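See structure below.
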Amino acid sequence: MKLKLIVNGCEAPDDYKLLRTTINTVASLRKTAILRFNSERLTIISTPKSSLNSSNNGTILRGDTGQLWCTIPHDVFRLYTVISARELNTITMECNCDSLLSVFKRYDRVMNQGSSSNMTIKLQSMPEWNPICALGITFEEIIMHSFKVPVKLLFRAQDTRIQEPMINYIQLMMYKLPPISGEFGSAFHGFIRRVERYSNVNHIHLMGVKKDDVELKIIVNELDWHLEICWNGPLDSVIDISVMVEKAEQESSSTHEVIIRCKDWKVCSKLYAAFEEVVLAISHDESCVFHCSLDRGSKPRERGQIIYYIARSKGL
Amino acid sequence: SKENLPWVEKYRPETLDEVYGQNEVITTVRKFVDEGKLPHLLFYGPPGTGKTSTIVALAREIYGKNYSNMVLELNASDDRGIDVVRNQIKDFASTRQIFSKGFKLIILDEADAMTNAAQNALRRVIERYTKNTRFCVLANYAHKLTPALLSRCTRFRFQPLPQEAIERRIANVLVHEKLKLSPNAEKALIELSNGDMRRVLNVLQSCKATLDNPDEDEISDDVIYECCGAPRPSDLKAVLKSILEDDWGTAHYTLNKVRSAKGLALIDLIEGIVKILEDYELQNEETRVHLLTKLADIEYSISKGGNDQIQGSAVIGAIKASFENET
Amino acid sequence: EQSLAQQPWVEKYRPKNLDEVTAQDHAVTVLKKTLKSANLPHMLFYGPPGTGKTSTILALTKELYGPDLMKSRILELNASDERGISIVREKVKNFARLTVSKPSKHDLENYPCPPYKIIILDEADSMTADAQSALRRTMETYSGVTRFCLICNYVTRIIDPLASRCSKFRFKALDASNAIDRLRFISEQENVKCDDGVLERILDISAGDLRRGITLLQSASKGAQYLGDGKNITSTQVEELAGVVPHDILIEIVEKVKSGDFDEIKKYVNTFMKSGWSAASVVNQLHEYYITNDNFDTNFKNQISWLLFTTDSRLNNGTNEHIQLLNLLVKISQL
Amino acid sequence: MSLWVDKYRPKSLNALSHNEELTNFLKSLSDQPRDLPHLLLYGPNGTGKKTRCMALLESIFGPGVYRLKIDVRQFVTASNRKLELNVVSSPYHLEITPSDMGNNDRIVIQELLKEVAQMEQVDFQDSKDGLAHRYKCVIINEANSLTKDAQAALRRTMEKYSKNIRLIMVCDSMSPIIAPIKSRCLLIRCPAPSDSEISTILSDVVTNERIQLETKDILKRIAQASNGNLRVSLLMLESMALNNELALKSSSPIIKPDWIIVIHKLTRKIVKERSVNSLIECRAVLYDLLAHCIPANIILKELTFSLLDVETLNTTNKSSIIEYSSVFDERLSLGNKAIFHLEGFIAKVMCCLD
Amino acid sequence: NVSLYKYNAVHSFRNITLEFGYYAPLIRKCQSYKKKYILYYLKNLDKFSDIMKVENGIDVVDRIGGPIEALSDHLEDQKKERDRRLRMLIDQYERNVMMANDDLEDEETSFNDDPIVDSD
Ligand SMILES: Nc1ncnc2c1ncn2[C@@H]1O[C@H](COP(=O)(O)OP(=O)(O)OP(O)(O)=S)[C@@H](O)[C@H]1O
Ligand SMILES: Nc1ncnc2c1ncn2[C@@H]1O[C@H](COP(=O)(O)OP(=O)(O)OP(O)(O)=S)[C@@H](O)[C@H]1O
Ligand SMILES: Nc1nc2c(ncn2[C@@H]2O[C@H](COP(=O)(O)OP(=O)(O)O)[C@@H](O)[C@H]2O)c(=O)[nH]1
Ligand SMILES: [Mg+2]
Ligand SMILES: [Mg+2]
């Protein structure tokens, strides 16, 4: 199980920023994250259905249902040696986010100091201790700094049970958020974070209405007075005991609304600030999807993707 | 606007002439206002006798239609702690009238709900500003009023409404509505009112509802009992006769049948039987002792729920055992 | 079909409109004609458990306003909410003073939309006396735009002034005579096959509570479906599910009481409490057996009626079942 | 290792070995758990009510219901009296004991449970389209010990949010349960195991542990000493086996709870002597018992029946004893300090005997 | 806390006052004595493998509340000791989750058939 990877921040800084944002998001979302090393790309998962995450009973206690999925093309790493006898040479593992975050923070500090070394990542069998292995990470500091992180490999049966949520694309309204680097980026960033000024607000009602040809509103009804925050700037639209959730009848064919938690909205705001191309998709009374895309070309290259699925916090 | 109101509020007296039953109090207060020598007042009485209506009507008469500008009304729905007495009541009582319209009036409705500290603070406010202000205190429970406050107020007792006043008000309401009330229905309504006008008006409104065509349908005693779900006097008499003469099985069957015929509740049957027995001429007094104690215990037990059948059997057995003394 | 089968039968078959409420016509008629009169008074619903008070008020509110307007015209508070004196003086008062919301054209077209709101105080008997006193003039003053509905099981817990203010509606107990049609309809809807008289037995066991009867019917239906024999439900199964003591056990208890031996009674009661029978049911069955028996005299029946009443009252206070049952049996054996 | 009470605890409905009819009823309940009503299990303590509830949950959800963890939830009173409650959780259900909060139990119902009832549990569907909904299961231990206010607060929470929550309450007696709560529940009677079934379970445990047993009669005696409390039976079996070098014999003493022996000694003292000083020493014993947090009503039961077990007493004495026991049990229920009522009972018994 | 964090058993306070508070410490004391005797015999020299699993400093071998002597800042220190032992129990339990989980039954032999390789 060779997983030899080389990471350099001086070449293609966009990929390094994407990886840093992915690790930060998974660390801030849940305690443990799944890493899937395929022969083509690396997929980082933050889901409550993982073996380690499900040990917290988050879904039943605090409704932690959101799922974060991040894709990193193999071109990001200078060297990508991933050989396996599984489907598409896939290797699945579970890791703790805090240690990886600390290691990457140390690497960022070293890079900011002035070093231009490379990080080598490999899988090793630690004799100290689903067998548990270690992620040997090493790098030079203008001194050969080496750190190891515990990791738990997963089987094919365990791997296949982690499936990315999908949405009814036909019954789904998408809006292309203005680029953060654009002149309206600051305005939209302030608009997203406006609701944070109300500490006691827990749920926010996102609404999208046709007729730049659509508009987005954030409604707060938890205060003693009704509150609506509207965006008037440009915004373009992209053209067992289990039972199905009940969906309220749409007011009109061109209006899509959903109620979500404020923490998910803060995560979405951070993601929007991180990346340039952001799409907000709403499934009426069902869910909200934040899709951040990073485009790179040479024969266009693979598109970096971060998809955050948020289930409704309340029914409409 | 008034048409949509509940009858208990739609028929609230506007002038003192519309208040019935309290002839002595109305007479005295009217003469006091005529001479303009109103003292500090206490209106003590049971619910729905006309205290709030009387005080509001007196304020209207004193200040005409603009009484809301120089009358300070406070009730249990408002906070009336010692701070309120020290600041708001004090400032109102210590300031001039709007247009030098004599003295100001402070109404403390439901004052039995005020704390002891606030009542104590009220003493000197009442005493010092008597020249410019007069206080009115309304209550149903005198034991909640401090002795000092009681000493400072001229006391007027609102009695339970007599039958004649209730009949007059019922006639007024019947004329105002397009309603027809039978004498037996009126007697039943007066009996169930227990001197409270609010109950009379509420039951009358429900009875009007019960009628299919109120324009021509007349309210009978049966309509009253249906609306109130109360037992008829014949039911009570039959139950008592069966208890006092029939055997245990027959008495149990009679009670069950009478209750099941119209879904009567046991507490009302007990109350009616107690009313009937209060007039009974008993040669042995121990019988009265047993009856009263056992029936009071049964009423208290019923107040907390329990088993209905066991309670009914207990009533039967208690009456039988008590009347074995008369033997 | 799965979504419709996600609810217990009591919630599934909760009345939707006032027409679905059964056996309470004496008040339902008044409430219904209030829709045309628009003269709704303050109401005090009182009655024993599971008689249809909450359902009636919910149906009335739905009929008066509609799904949309209701949200702006209804304020509901129950025992699960804090209802201290400060709450009554601030939140309830503010709602009572709120201006009547403007109905939409659709609402006016489809519903009467009376020009007042409704404050529902469910389980009002749990409120304190001072908090209740804080409601008096609030209800009186704002009756032009607000109407109150108090609901309770123990009317004596409502202070006299509030009872005087409110028009009273007593909800009668639901027995085999007045509630059988609804239970038969529910059984027919769920295709429950029961022997003749089974619904009568359920309603007699429930003792005025239709909610308990519906739950019992659901439990019997589940048992029959699991068995999957296609046979009709029997009264014996219903009695077993309800916790009724079998007649033979009661006969044994009666024989022991007749014998009069203290030690034998103590031993039998110690063994009988093993099965976990509820003392209330045993006391009720003993009352039924003794009061209706023709083999005992009048003095015996008077004494046993008082003993049974005392034991039942003690049990209502959450007393200890073994001690109370043994004391009752020893007292009876001494009669 | 773990105590034998928990070591051999059944983990599924098919593993239940006593009260077959109850198992059949529970399996019938688990057939279509989609419309499961609220449940109230009542029966003698230590019979297996919690075990049956967990088996039912396992039938509905799966073995994961036994993967339990503990969390601490903080509550603040109107007087700013901060305090904490233990909440047990499995990925499919919650377990709480609000009675540990004393008079503050109502707060737990008003803040925690309601919130749990209000938060609707939804999850992304692995294969199908759209979110899937699942009701939460909450177990209320020691339901009979809740104050009337908390029980009242339970009512509309149970009714309104029936889609999101299903309550399973467990009690040893239904006398303290208010009528509305019983009306809102499916009542399940859990009989105690018979002596034969207790002996069979103990024999299976003995065989598993490889403990030499001289005769099966010992097990029977153990059963007869437990008064149908299977947990107590297993605890005494373990204690006796450990105290006898894993070799039980007909002469091996039966180990009983220490407070039970103390109450027996107190009963003997009461029978032997009836005077004021005897009453003061009885007070001392009662206070010692209360210092160990033994409930007052339990003390009254045990003392009453220990007294009724005395052979020298006559019929009149026992009748008076049970009368006083009933009266003072009611007084304890309606009282504030239990010492008054226990002393009154003992004094009345002393008067009736002397 | 000890029971929950060492045996995955949850028990009510009432049962502790009635039954466990006396029986459990007695059982643990007997097991500790047997373990000490076995260790002494081995030093001077599987069937009872469940006896020597008792830890001297984490297990409770004393009657809760002391003996019932009837007829034959202490609180702060006790709370501090309880907190210390709870911290030790949490430390012991934390590594169990990462060490391994029951999960489900899979092809562990196949997993061992492709061992990790590390070499430069
Ligand atoms: N003497 C009365 N004459 C005519 N109507 C009365 C009379 N007393 C009470 N009512 C009627 O009942 C309603 C209530 O009268 P109130 O004056 O508020 O009684 P109350 O004595 O103030 O009740 P409490 O003590 O605050 S519970 C009035 O609107 C009237 O319609
Ligand atoms: N009159 C009724 N008609 C039809 N169903 C009823 C009736 N009364 C009770 N039920 C049934 O039992 C369930 C509960 O009815 P409720 O209205 O909640 O009774 P309740 O009087 O409010 O009980 P309490 O006082 O809160 S214990 C309903 O959903 C119905 O399924
Ligand atoms: N072998 C076997 N053990 C049981 C059974 N039922 C209960 N037990 C055990 O006996 C004890 C019963 O105590 P518990 O579950 O707390 O019952 P509760 O106090 O009434 O809820 C537990 O230790 C169970 O493991 C059964 O049916 N078969
Ligand atoms: Mg008044
Ligand atoms: Mg209700």
Side-chain angles (χ1 to χ4, degrees), chain B residues 6-8 47-48 161 163 166-167 169-170 173-174 177 179-212 214 217-237 239 258-276 302, chain C residues 23-34 39-48 51-53 56 149-156 158 160 162-173 178:
Chain B
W7 288 16
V8 288
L161 269 48
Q163 154 160 342
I166 291 157
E167 289 170 8
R169 200 38 166 168
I170 284 155
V173 172
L174 292 169
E177 313 293 335
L179 249 190
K180 285 233 150 229
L181 186 69
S182 182
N184 285 345
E186 175 146 44
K187 155 278 307 163
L189 192 55
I190 295 152
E191 202 254 356
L192 85 86
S193 74
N194 286 293
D196 193 324
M197 202 61 99
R198 273 203 209 90
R199 186 81 191 121
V200 176
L201 300 156
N202 289 325
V203 169
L204 270 184
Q205 182 171 353
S206 290
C207 284
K208 183 170 178 194
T210 295
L211 302 168
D212 291 347
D217 293 26
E218 157 188 299
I219 299 154
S220 73
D221 64 334
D222 298 270
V223 173
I224 299 263
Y225 298 131
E226 229 281 350
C227 277
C228 295
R232 304 184 57 90
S234 94
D235 301 357
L236 299 157
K237 289 287 182 323
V239 170
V258 171
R259 290 190 59 178
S260 84
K262 293 298 226 291
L264 303 174
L266 191 65
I267 186 66
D268 318 79
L269 276 178
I270 293 164
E271 148 67 332
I273 299 268
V274 164
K275 295 145 128 45
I276 288 185
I302 287 162
Chain C
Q24 316 292 21
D25 288 329
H26 62 289
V28 165
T29 304
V30 183
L31 299 171
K32 273 177 187 166
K33 211 190 304 329
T34 316
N39 210 156
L40 188 68
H42 310 289
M43 299 160 279
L44 172 45
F45 297 172
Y46 71 104
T51 51
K53 305 185 285 302
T56 293
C149 174
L150 284 39
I151 313 173
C152 72
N153 300 97
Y154 312 130
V155 76
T156 57
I158 308 301
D160 276 46
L162 288 186
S164 158
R165 272 159 181 72
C166 301
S167 166
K168 307 175 77 63
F169 302 85
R170 195 175 58 80
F171 278 67
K172 304 163 181 180
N178 50 16

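The sequence lines fix the lettering, A, B, ..., with proteins before strands; numbering per chain opens at 1. Side-chain atoms are counted along with the backbone in the values below, which use heavy atoms only and exclude waters and symmetry mates.
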Rounded to the nearest 0.5 Å, what separates atom [atom1] in [X] from atom [atom2] in [Y]?
X         : Y         : atom1 : atom2 : result
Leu204(B) : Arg199(B) : CG    : CZ    : 10.5 Å
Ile276(B) : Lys237(B) : CD1   : NZ    : 3.5 Å
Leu31(C)  : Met43(C)  : CG    : CE    : 6.5 Å
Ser182(B) : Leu189(B) : OG    : CG    : 12.0 Å
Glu186(B) : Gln163(B) : CD    : CD    : 7.5 Å
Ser220(B) : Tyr225(B) : OG    : OH    : 9.5 Å

Where do [X] and [Y] come nearest, in terms of heavy atoms and distance?
X         : Y         : value
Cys166(C) : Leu150(C) : SG-CD2, 4.0 Å
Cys207(B) : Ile224(B) : SG-CD1, 3.5 Å
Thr34(C)  : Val30(C)  : OG1-O, 2.5 Å
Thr56(C)  : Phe171(C) : OG1-CE2, 3.5 Å
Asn153(C) : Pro48(C)  : ND2-C, 3.6 Å
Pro47(B)  : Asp160(C) : CG-CB, 4.3 Å

Flag the pair [X] / [Y] as yes when at least one side-chain heavy-atom distance between them is below 4.5 Å, and no otherwise.
X         : Y         : value
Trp7(B)   : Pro41(C)  : no
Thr29(C)  : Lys33(C)  : yes
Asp217(B) : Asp212(B) : yes

Check against side chain to side chain contact (heavy atoms under 4.5 Å, CB included), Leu162(C) and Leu44(C): CA-CA 9 Å; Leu162(C) 288 186; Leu44(C) 172 45; over 6 Å; no
Sequence neighbours excluded, which residues qualify as salt bridge (charged side-chain N to carboxylate O under 4.0 Å, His left out) partners of [X]?
X         : value
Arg232(B) : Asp221(B), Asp222(B)
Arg259(B) : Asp308(B)
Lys53(C)  : none

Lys262(B) atom NZ, over 12 foreign heavy atoms within 6.0 Å: no
Report all side-chain donor-acceptor pairs from residues 268-275 of chain B shorter than 3.5 Å, counting only partners two or more places apart or in another chain.
unit_1, atom_1, unit_2, atom_2, d
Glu271(B), OE2, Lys275(B), NZ, 2.5

Full working for side chain to side chain contact (heavy atoms under 4.5 Å, CB included) between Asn39(C) and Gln205(B): CA-CA 9 Å; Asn39(C) 210 156; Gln205(B) 182 171 353; 3.5 Å; yes
Check: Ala173(C) main-chain N/O paired with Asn178(C) side-chain donor or acceptor under 3.5 Å: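 Flag set: sc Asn178(C) to bb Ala173(C) pair under 3.5 Å.
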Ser193(B) side chain vs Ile190(B) backbone, donor-acceptor pair below 3.5 Å: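 Flag set: sc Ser193(B) to bb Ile190(B) pair under 3.5 Å.
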Residue pairs passing the side chain to side chain donor-acceptor pair (under 3.5 Å) test where at least one lies in residues 164-173 of chain C, sequence neighbours excluded: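 Every pair satisfying side chain to side chain donor-acceptor pair (under 3.5 Å) with a residue in residues 164-173 of chain C: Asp196(B)-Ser164(C), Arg198(B)-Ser164(C), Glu140(C)-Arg165(C).
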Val200(B)/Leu161(B) under side chain to side chain contact (heavy atoms under 4.5 Å, CB included): CA gap, chis, key distance, verdict: CA-CA 11 Å; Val200(B) 176; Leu161(B) 269 48; over 6 Å; no
Partner set under ring-ring contact (aromatic ring centres under 6.0 Å, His included) for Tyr46(C), not counting sequence neighbours: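 With sequence neighbours excluded, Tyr46(C) shows a ring-ring contact (aromatic ring centres under 6.0 Å, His included) to no residue whatsoever.
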